[PDB]
Structures are given as C-alpha cells and as structure tokens.
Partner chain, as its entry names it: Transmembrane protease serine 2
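Have a look below at one chain only, the form deposited without the partner chain, in structure tokens format.
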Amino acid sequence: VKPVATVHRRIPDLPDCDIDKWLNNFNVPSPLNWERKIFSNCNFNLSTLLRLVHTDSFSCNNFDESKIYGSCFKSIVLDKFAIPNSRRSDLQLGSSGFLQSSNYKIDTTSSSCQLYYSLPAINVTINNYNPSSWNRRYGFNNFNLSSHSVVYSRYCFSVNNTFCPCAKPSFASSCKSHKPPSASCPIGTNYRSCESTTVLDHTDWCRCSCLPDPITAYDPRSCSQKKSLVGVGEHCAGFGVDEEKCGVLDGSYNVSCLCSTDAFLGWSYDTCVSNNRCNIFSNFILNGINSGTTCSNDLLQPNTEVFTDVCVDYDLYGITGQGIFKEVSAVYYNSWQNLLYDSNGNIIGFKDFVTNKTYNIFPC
C-alpha cells in the first residue's frame, strides 16, 4: 500500500458524498442493467453508511476493511443491483454461475468491498432494463413481470453490426418445407443465412442458421449470434433470439424485420424479497488508496506538523509532490489561494488552513 504523505492536508468544505442516499434509492436495478456511480472529491462516513443502509454483511477483498476509516482515495466506484433469491451464491468471488457469467463480473484483482443490504419491499420497484442495443433494434421493448421480480440473463450473445435475424423474403417465397418467416432487413445488414435443398421427396426443404436456437444450436459456427461472457465492467451483450420468430410467414419487403417478445431466450427471474425486504448487492472499487480527495470523515484526523527545512513528500489539497518547506511571514506569500504556483505550473508555496501559516516550497 502506498504510504500516506508526510505532510497531508485535505481540501476543506467539500460536499458529502451521500453514498447512502444512492444505495437506498427505491428504484433498484436488476443485475442485467447494473447501475454504476463514481464518487469523487467528497467526504464519506463508512460507519454512518453501514448504519443507514440495513446492512447484512460487508467485507473487502485485496484490502483491509478497517483501513478505510480515515483514509483518502482518488475515487470510489459503486455498482449495485437487486439479488434474485435463487442467485445469491453466484456472487461469491470467482463464481462461474449465471450472475457473473452473463450479468456482472466481480473484479477480483482490484481493491474492493461487497456490501449486502436490503430495503423495505413495499417501497422498492425493480427496474428491469435490457441493455443490449441489438436486441432492442430488433424488437425487445420491456419486461412484463410481477412486482419485485428481478431479471437475470443466463446466456449472452453478441452480433456484429451487419446482423439481421430475418430470412430474405425472396428466399422464403419458394420454400415448401419449413418455410422461414421473412421481412426486409435494414440497409447495410445481411439477411439471415438460409439454404434450400432437396431431401427425400421434400423438393424445397429450407433450413436457416441458428437451429434449433442459438443456445442449443447444432452448428455454432454458422450462427451469427456468438456466445459472450461478460467481462469486468461490461453488460450482457444480448439475449439470444430464436430467428424462427423474427419476421412473419410470407412477409415481404414491406414489413420491417422484427422479433416477437417470446423470441428472446436464455433469461429468467426471481424475487429479491425475503423477510419482507428486497436484498441488494453493491460492489465498491477503491481507487488510489492514500491519494486523492475522496476521504473518510469517520476519524478526527489529528493534523500533524508541517515539517520544515527537510525534503518531504506531501499531499496538499489533492496535489502531490516532494519539497522542502520553509515558513514565511504572510507578506511574502504572493497569492490569496491555499496553493502558490510558478510560471511552469509547479507548486512553490502553501497556506495551511489549520494554522493560517504560509510556507515556501523548494525542490529537494
């Protein structure tokens, strides 16, 4: 861990981070659309936080929880979402289950903390939102689910930008066995790959890609929907679509390619409620311990001396460096700010808000 600077001063009068207000927002997202907020340049209270959110457990990975109190960080990145009851054990670090395979992957290499907390069910509305642009482009609008149902993807699929799930109407017009539904595809996209063959008294046997469906496809190589695990920081690339439910039977070029709601596969849902409260997960990424201006106010930080006449590493109102401090009477402090800069942008001076004393800073 990087050590705290020998001379450290925080910026005064920063706003409160209000992390608790964000965690307790009654509009709670599902892991499918996990929400992220970055907290910077503000003061937080971990002890207050753990009391104001009905905390069930809190632990840290690659970091000592007790070292948060009183510390400063460059930023604290929070990710949150409601927990479907059946998926709770997916959230163990390193788990290959559905939540981390296909919704939210917990970074295990960073310094992080996982908060398990809950909100009163009667005030919680779950926000289930499909984050995949391509799904939405071809007909996915909303979920139609019970209150407190929490969506999760089992399997995600990615497509490139020429993807269209509908068969070409000209191809479909001569199929006699297993005619696929068809429609016009957007300009700049390729029609679904389809083949007509003869076989045992079927003169016009039509088979297209992604059969029986993209999850169970015989030949994944010929299915343009490609399996994708979510990486750190990513959302589900998309539900797989049953391409036999995109387009309409005998649809011509006057119908735009559209998948029905039930064509989107490989997801499910569960309530987040137990003991009449919605259970919720939140991940804390702690960036840049012992630096920055995202600082805990849990402790009365006893301000140390400004060591003078000696090369010293410092962290002054967010700005780091090393130099030799020499106290000076106020008349020689040529500015009104708490820091003093030269022509090339380097700090040459400092005013201490704790003592109102002024100092020159020289290089070592």
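Residue numbers count along the first chain shown, from 1. Only residues modelled in both forms are compared. We call the rigid core whatever largest set of C-alpha positions still superposes within 1.5 Å between the two forms.
Below: the form deposited with the partner chain bound, not depicted.
- Listed residues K74, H202, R136, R88 were compared with the partner chain in the entry with it bound; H202 is the one with a heavy atom within 4.5 Å.
- Listed residues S209, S118, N128, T271 were compared with the partner chain in the entry with it bound; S209 is the one with a heavy atom within 4.5 Å.
- The stretch among 75-83, 158-166, 252-260, 192-200 whose residues place heavy atoms within 4.5 Å of the partner chain in the entry with it bound is 192-200.
- Contact check for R277: no non-hydrogen atom falls within 4.5 Å of the partner chain in the entry with it bound.
- Against the partner chain in the entry with it bound, the set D20, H54 and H148 makes no contact: no member has a heavy atom within 4.5 Å.
- Residues of 240-260 placing a heavy atom within 4.5 Å of the partner chain in the entry with it bound: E244 alone.
- After superposition on the rigid core, displacement of the C-alpha of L200 between the shown form and the other one amounts to 2 Å or more.
- At a threshold of 2 Å in C-alpha displacement, with the core superposed and only residues shared by both forms counted, 200-202 is the one segment of at least 3 consecutive residues that shifts between the shown form and the other one.
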